[PDB]
Chemist: 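My questions all concern the structure below.
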Amino acid sequence: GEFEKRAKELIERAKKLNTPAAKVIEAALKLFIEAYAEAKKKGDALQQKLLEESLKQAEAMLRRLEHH
Amino acid sequence: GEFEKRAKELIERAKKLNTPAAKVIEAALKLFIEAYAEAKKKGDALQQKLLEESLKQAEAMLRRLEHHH
């Protein structure tokens with residue numbers, strides 16, 4: 001899925017950062033990976049939409065952490 | 001302490017709405033509690049600032065899940 005690999009894309013960016021705050025976003029993304037697969041199994045469309053939105057917020061927080 | 005009590009306040013709202021998406025937000029809130037305590041111990045102000053922004057993203061996502069007729 002394009003969800004997991006974009007989430008894995010951001011995970012590697014978080015490991016690039018090598019700061020505690022980036023490690024927090026790394027843990028949240030791995031939970032999202034597991035949650036999205038569950039949401040896909042039960043046909044939970046609203047959970048998918050929220051997780052997809054959270055994916056964009058994580059990417060924006062990584063970018064803020066990267067700039068600083 | 002202000003952050004944890006907001007997060008515990010959000011955790012209780014998530015548990016009341018009884019859907020898989022709530023428990024995901026619940027687990028993320030519990031991680032943020034632990035991470036915020038570590039940020040306070042280390043004096044990591046940037047991590048603190050992003051965690052309180054994350055806490056605000058929690059409230060909006062929870063308000064979205066709660067919005068139900």
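Any value given below was found using the heavy atoms of this structure, including those in side chains, with hydrogens, waters and symmetry copies removed. A note on names: the letters A, B, ... follow the listed sequences, proteins ahead of strands, and every chain is numbered from 1.
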Chemist: Looking at every non-hydrogen atom in both residues, tell me the closest pair between A:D44 and B:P20 and how far apart they are.
Modeler: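 What the structure gives for the nearest pair is OD2-CG, 3.5 Å.
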
Chemist: NZ of B:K56 to CD of A:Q57: how many Å apart, nearest 0.5 Å?
Modeler: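 If I round to the nearest 0.5 Å, the distance is 13.5 Å.
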
Chemist: Atom OG1 in B:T19, atom CD in B:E66: separation rounded to 0.5 Å?
Modeler: 10.0 Å

Chemist: Of all the heavy-atom pairs spanning B:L29 and B:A58, show the shortest one and how long it is.
Modeler: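 Smallest heavy-atom distance, with atoms named: CD2-CB, 3.8 Å.
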
Chemist: Are there over 12 heavy-atom neighbours, none belonging to A:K42, within less than 6.0 Å of that residue's NZ?
Modeler: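 Enclosed.
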
Chemist: For the residue pair A:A35 and A:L51, what are the closest heavy atoms and their distance?
Modeler: C-CD1, 3.8 Å

Chemist: Indicate yes or no: at least one non-hydrogen side-chain atom of A:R13 is less than 4.5 angstrom from one of A:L10.
Modeler: yes

Chemist: Rounded to the nearest 0.5 Å, what separates atom CZ in A:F32 from atom CG in A:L55?
Modeler: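 The distance works out to 8.5 Å.
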
Chemist: Name all residues meeting the salt bridge (charged side-chain N to carboxylate O under 4.0 Å, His left out) criterion together with B:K15; count only those two or more places apart in sequence or in a different chain, and write none if there are none.
Modeler: B:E12

Chemist: Under a 4.0 Å N-O cut-off, is there an ion pair linking A:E66 with A:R63?
Modeler: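 Answer for the salt bridge query: no.
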
Chemist: Look up atom NZ in A:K23 and atom CD1 in A:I25, then write down how far apart they are to the nearest 0.5 Å.
Modeler: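 Going from the NZ atom of A:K23 to the CD1 atom of A:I25 covers 11.5 Å.
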
Chemist: With side chain to side chain contact (heavy atoms under 4.5 Å, CB included) as the test, would you mind laying out the steps for B:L50 and A:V24 before giving the verdict?
Modeler: CA-CA 10 Å; B:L50 295 188; A:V24 192; over 6 Å; no

Chemist: Can you measure from CD (B:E26) to CG (B:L31) and round to the nearest 0.5 angstrom?
Modeler: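 Taking CD in B:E26 and CG in B:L31, the distance rounds to 12.5 Å.
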
Chemist: Restricting to non-hydrogen atoms, name the atom on A:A22 and the atom on A:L17 that form the minimum distance, rounded to 0.1 Å.
Modeler: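 Reported closest heavy-atom pair: CB-CB, 3.6 Å.
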
Chemist: What heavy-atom pair brings B:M61 and A:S54 nearest, and what distance separates the two atoms?
Modeler: CE-OG, 4.4 Å

Chemist: Does the side chain to side chain contact (heavy atoms under 4.5 Å, CB included) test come out yes or no for B:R6 and B:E59, once each step is laid out?
Modeler: CA-CA 9 Å; B:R6 200 50 235 181; B:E59 246 190 284; 3.8 Å; yes

Chemist: Once you round to the nearest 0.5 Å, how far does CD1 of A:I11 lie from CD1 of A:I33?
Modeler: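 CD1 of A:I33 is found 4.0 Å from CD1 of A:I11.
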
Chemist: For A:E52 and A:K49, run salt bridge (charged side-chain N to carboxylate O under 4.0 Å, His left out): C-alpha distance rounded to whole Å, both residues' side-chain angles, the deciding distance at 0.1 Å, then the answer.
Modeler: CA-CA 5 Å; A:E52 287 157 13; A:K49 176 70 163 93; 5.9 Å; no

Chemist: Please identify which of these residues, A:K40, A:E38, A:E34, meets the side chain to side chain contact (heavy atoms under 4.5 Å, CB included) condition with A:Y36.
Modeler: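 With A:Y36 as partner, side chain to side chain contact (heavy atoms under 4.5 Å, CB included) holds for just one option, A:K40.
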
Chemist: Check the pair B:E9 / B:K5 against salt bridge (charged side-chain N to carboxylate O under 4.0 Å, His left out), numbers first and verdict last.
Modeler: CA-CA 6 Å; B:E9 187 161 347; B:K5 274 22 199 193; over 6 Å; no

